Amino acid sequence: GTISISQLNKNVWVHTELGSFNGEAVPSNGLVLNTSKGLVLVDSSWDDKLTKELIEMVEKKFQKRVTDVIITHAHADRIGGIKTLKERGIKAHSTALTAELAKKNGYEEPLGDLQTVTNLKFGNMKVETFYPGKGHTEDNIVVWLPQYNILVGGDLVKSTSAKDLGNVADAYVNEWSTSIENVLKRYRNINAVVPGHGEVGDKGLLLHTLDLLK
């Protein structure tokens, strides 16, 4: 099961891919939104190969085109497939900072169209992007589906089983708790929280992440 999709509701699924690192499978999550105007992903995958596999799978599953991807920060698990996106005319949305960091981290450039709070609408599917502040990276954003109170946390948000923050060389560890607090403040009645890696949970993941950061 290198690529798996799991349903939250009719039109919102989690995509999860196993990257292969040092002979270990390493899952990363994003979202798949099935809209009347196409599929919209939150995040790509670790690299172009997996991104292609992901796109092939979702397009086949839903018989719909991937039209847009929202990139939640400029690391491989999120942006690794940007070349695939660009050469397919799949729009790669990001904050300007993520775009700047993408170019620095050697990736092709996403759009830089997202602000601190941005509302997008794809068909009937409403999507909010929110930059809560620095944390896992300087640029990490989260994505919210206000119709369903589903939050995509990316690597800002740890799963319940996670006991480790991960790579913090370019993290803002002190600021990360504030950024999580900002997410907790903004999103009050959450049905699901998708962490960047690991099992989907609820607000408890945000609290858990705060706990790890204490």
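Residue positions are given as counts along the sequence shown, with the first one as 1.
Looking at mean Cα B-factors across 103-111 and 127-135, the upper value is held by 103-111. Annotation for 162-170 versus 64-72: the higher mean temperature factor (C-alpha) is found in 162-170.
Sort the chain's modelled residues by C-alpha temperature factor and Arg186 lands in the lowest third, per the entry. Sorting the modelled residues of the chain by their CA temperature factor places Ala96 in the middle third. The PDB entry assigns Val26 a C-alpha temperature factor belonging to the highest third of its chain's modelled residues. Sort the chain's modelled residues by C-alpha temperature factor and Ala192 lands in the lowest third, per the entry. The PDB entry assigns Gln7 a C-alpha temperature factor belonging to the lowest third of its chain's modelled residues.
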